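Only one structure is covered here, and it is reproduced in the block below.
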Amino acid sequence: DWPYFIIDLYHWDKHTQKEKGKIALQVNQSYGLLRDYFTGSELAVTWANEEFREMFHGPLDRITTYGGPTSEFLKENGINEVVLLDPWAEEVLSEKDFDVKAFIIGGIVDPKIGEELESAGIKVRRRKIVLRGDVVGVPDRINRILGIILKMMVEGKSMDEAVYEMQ
């Protein structure tokens, strides 16, 4: 019943080797968070390729990995709508989004991920995280974004509270 939290590697080849290594770090940290709240398998990595997998020190059976497009992963799991965390979104993430079955928490680079998903028939809810209506103090790292969502979704905390706690 719990949603997937997706790290989308669509833009993998546009990153430096250091940025690739930071993504692997964020995957490990995000698994740690979801292993506490849930089981850990709710973390899903799409466009997972061999270079990404070789940045780890063991198999990734504990998380959901998927070599193909995010839209295909969603369709395989009967999901037709996702929340895309995007600081340029018009609407702020809220409790009315927590019935959606998948949240894309990483992958945006600035061919937009949201445009490609919509062209493949996936409804995309673009939602931003703010603090007092501003971005000051709002973390932009994947695992911290995830921590904010989980505090709101699991613990029922307001966004201001969740952002403050995750600073």
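Chain identifiers are assigned as A, B, and so on, following the order in which chains appear in the structure tokens; residues are numbered from 1 within each chain, and ligands are numbered from 1 in order of appearance.
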
Pull the helix (DSSP H, G or I) assignments for chain A out of DSSP run on the backbone, and list those residues as a ChimeraX atom specification. /A:12-14,17-37,50-53,70-76,95-97,113-119,142-153,159-165

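Residue-level DSSP output for segment 23-133 of chain A, from the backbone, shows strand (DSSP E) at residues 43, 44, 45, 46, 64, 65, 81, 82, 83, 84, 85, 91, 92, 102, 103, 104, 105, 106, 123, 124, 125, 126, 127 and 128 of chain A.
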
Please identify all polymer residues within 10 Å of residue 34 of chain A, counting only C-alpha atoms, omitting same-chain residues fewer than 2 positions from it, and present them as a PyMOL selection string. chain A and resi 5+29-32+36-43+63+143+146-147+150

Output N, CA and C atoms of each residue in that selection to a file, as a short mmCIF file (atom, residue, chain, number, x, y, z; two decimals), in the first residue's frame.
```cif
data_model
loop_
_atom_site.label_atom_id
_atom_site.label_comp_id
_atom_site.auth_asym_id
_atom_site.auth_seq_id
_atom_site.Cartn_x
_atom_site.Cartn_y
_atom_site.Cartn_z
N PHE A 5 9.20 5.41 -4.09
CA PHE A 5 9.99 6.64 -4.14
C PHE A 5 11.08 6.41 -5.17
N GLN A 29 21.65 6.30 1.36
CA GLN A 29 21.04 7.03 2.47
C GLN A 29 19.52 6.92 2.44
N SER A 30 18.94 7.01 1.24
CA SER A 30 17.49 6.91 1.10
C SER A 30 16.98 5.53 1.49
N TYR A 31 17.73 4.48 1.13
CA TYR A 31 17.36 3.15 1.60
C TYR A 31 17.36 3.10 3.12
N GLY A 32 18.36 3.71 3.75
CA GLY A 32 18.40 3.76 5.20
C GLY A 32 17.15 4.38 5.80
N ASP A 36 13.77 2.26 7.82
CA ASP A 36 13.18 2.60 9.11
C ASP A 36 11.66 2.75 8.99
N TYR A 37 11.21 3.71 8.17
CA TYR A 37 9.78 3.94 8.02
C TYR A 37 9.06 2.70 7.52
N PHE A 38 9.59 2.09 6.46
CA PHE A 38 8.91 0.98 5.81
C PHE A 38 9.81 -0.24 5.75
N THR A 39 9.94 -0.84 4.57
CA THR A 39 10.78 -2.02 4.41
C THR A 39 12.10 -1.73 3.71
N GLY A 40 12.18 -0.63 2.96
CA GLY A 40 13.32 -0.31 2.13
C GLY A 40 13.10 -0.59 0.66
N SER A 41 12.24 -1.56 0.34
CA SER A 41 11.94 -1.92 -1.04
C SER A 41 11.14 -0.85 -1.77
N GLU A 42 10.61 0.14 -1.05
CA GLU A 42 9.87 1.23 -1.68
C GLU A 42 10.78 2.16 -2.46
N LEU A 43 12.09 2.12 -2.21
CA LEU A 43 13.02 2.87 -3.04
C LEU A 43 13.18 2.15 -4.37
N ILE A 63 16.64 -3.06 -2.60
CA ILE A 63 15.84 -2.01 -3.19
C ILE A 63 15.30 -2.50 -4.52
N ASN A 143 17.96 12.46 -0.48
CA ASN A 143 17.55 11.74 0.72
C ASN A 143 16.87 12.67 1.71
N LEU A 146 13.37 13.17 0.53
CA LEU A 146 12.63 12.00 0.96
C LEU A 146 12.26 12.09 2.44
N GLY A 147 13.22 12.47 3.29
CA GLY A 147 12.93 12.61 4.71
C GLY A 147 11.81 13.59 4.98
N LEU A 150 8.48 11.88 4.06
CA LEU A 150 8.09 10.84 5.01
C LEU A 150 7.60 11.44 6.32
#
```

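Distance-wise, atom CA of residue 28 of chain A and atom CA of residue 87 of chain A end up 23.2 Å apart.
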
Review point. If we count only C-alpha atoms, what is near residue 52 of chain A at a cut-off of 10 Å, once residues fewer than 6 positions away on the same chain are taken out, given as a PyMOL selection string?
Key: chain A and resi 9+12+20-21+23-24+45

In Å, rounded to a single decimal, give me how far atom CA of residue 128 of chain A is from atom CA of residue 84 of chain A.
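Value for the atom CA of residue 84 of chain A-atom CA of residue 128 of chain A distance: 8.4 Å.
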
Excluding same-chain residues fewer than 2 positions from residue 100 of chain A, what lies within 12 Å of it counting only C-alpha atoms, as an MDAnalysis selection string? chainID A and resid 1:5 74 78:84 93:98 102:104 123:125 153

Taking N, CA and C atoms for each residue, export the selection above as a short mmCIF file (atom, residue, chain, number, x, y, z; two decimals), in the first residue's frame.
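Saved the output as again-v9.cif:
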```
data_model
loop_
_atom_site.label_atom_id
_atom_site.label_comp_id
_atom_site.auth_asym_id
_atom_site.auth_seq_id
_atom_site.Cartn_x
_atom_site.Cartn_y
_atom_site.Cartn_z
N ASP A 1 0.82 -1.21 0.00
CA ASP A 1 0.00 0.00 0.00
C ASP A 1 0.86 1.26 0.00
N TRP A 2 2.11 1.13 0.45
CA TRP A 2 3.01 2.27 0.48
C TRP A 2 3.51 2.60 -0.92
N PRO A 3 3.76 3.87 -1.21
CA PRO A 3 4.16 4.27 -2.56
C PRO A 3 5.63 3.96 -2.84
N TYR A 4 5.96 3.97 -4.13
CA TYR A 4 7.35 3.94 -4.55
C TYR A 4 7.94 5.34 -4.47
N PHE A 5 9.20 5.41 -4.09
CA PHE A 5 9.99 6.64 -4.14
C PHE A 5 11.08 6.41 -5.17
N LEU A 74 6.32 2.12 -14.18
CA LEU A 74 5.02 2.48 -13.62
C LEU A 74 3.90 1.65 -14.24
N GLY A 78 0.96 -1.03 -12.62
CA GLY A 78 -0.39 -0.50 -12.62
C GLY A 78 -0.51 0.91 -12.09
N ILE A 79 0.53 1.72 -12.24
CA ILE A 79 0.55 3.10 -11.76
C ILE A 79 0.45 4.02 -12.97
N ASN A 80 -0.52 4.94 -12.94
CA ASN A 80 -0.73 5.87 -14.04
C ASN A 80 -0.51 7.32 -13.65
N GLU A 81 -0.08 7.59 -12.42
CA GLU A 81 0.12 8.96 -11.96
C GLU A 81 1.28 8.99 -10.98
N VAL A 82 2.09 10.05 -11.07
CA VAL A 82 3.22 10.22 -10.17
C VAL A 82 3.30 11.67 -9.73
N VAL A 83 3.93 11.87 -8.57
CA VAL A 83 4.30 13.19 -8.09
C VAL A 83 5.76 13.40 -8.44
N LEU A 84 6.06 14.52 -9.09
CA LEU A 84 7.42 14.88 -9.48
C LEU A 84 7.86 16.06 -8.63
N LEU A 93 3.59 20.71 -2.49
CA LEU A 93 3.21 19.38 -2.04
C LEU A 93 2.36 19.47 -0.78
N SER A 94 1.32 18.64 -0.70
CA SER A 94 0.43 18.66 0.45
C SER A 94 -0.12 17.26 0.68
N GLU A 95 -0.91 17.13 1.76
CA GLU A 95 -1.50 15.85 2.11
C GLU A 95 -2.44 15.32 1.03
N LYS A 96 -2.99 16.19 0.19
CA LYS A 96 -3.85 15.74 -0.90
C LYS A 96 -3.08 15.02 -2.00
N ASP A 97 -1.75 15.00 -1.93
CA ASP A 97 -0.94 14.25 -2.88
C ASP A 97 -0.51 12.89 -2.34
N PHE A 98 -0.80 12.58 -1.08
CA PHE A 98 -0.22 11.39 -0.46
C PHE A 98 -1.00 10.12 -0.75
N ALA A 102 3.38 6.82 -6.40
CA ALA A 102 4.80 6.92 -6.74
C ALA A 102 5.24 8.38 -6.72
N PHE A 103 6.43 8.61 -6.17
CA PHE A 103 7.01 9.94 -6.01
C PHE A 103 8.40 9.93 -6.62
N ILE A 104 8.65 10.80 -7.60
CA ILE A 104 9.98 10.91 -8.19
C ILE A 104 10.76 11.95 -7.40
N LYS A 123 0.23 10.54 -15.89
CA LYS A 123 -0.14 11.81 -15.27
C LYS A 123 0.96 12.24 -14.31
N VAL A 124 1.38 13.50 -14.40
CA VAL A 124 2.50 14.03 -13.62
C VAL A 124 1.99 15.21 -12.80
N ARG A 125 2.06 15.08 -11.47
CA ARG A 125 1.76 16.17 -10.55
C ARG A 125 3.09 16.80 -10.12
N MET A 153 4.10 12.51 5.34
CA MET A 153 3.20 11.44 4.96
C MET A 153 2.97 10.43 6.08
#
```

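Computed from the coordinates, the atom CA of residue 121 of chain A to atom CA of residue 92 of chain A distance equals 23.1 Å.
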
Nearest to residue 159 of chain A, restricted to only C-alpha atoms and choosing among A:131, A:113, A:138, A:48, comes out as A:131

Excluding same-chain residues fewer than 3 positions from residue 44 of chain A, what lies within 6 Å of it counting only C-alpha atoms, as a ChimeraX atom specification?
/A:5-6,64-65

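Each of A:112, A:11, A:144, A:132 was checked against residue 27 of chain A using only C-alpha atoms; the smallest atom-to-atom distance is that of A:144.
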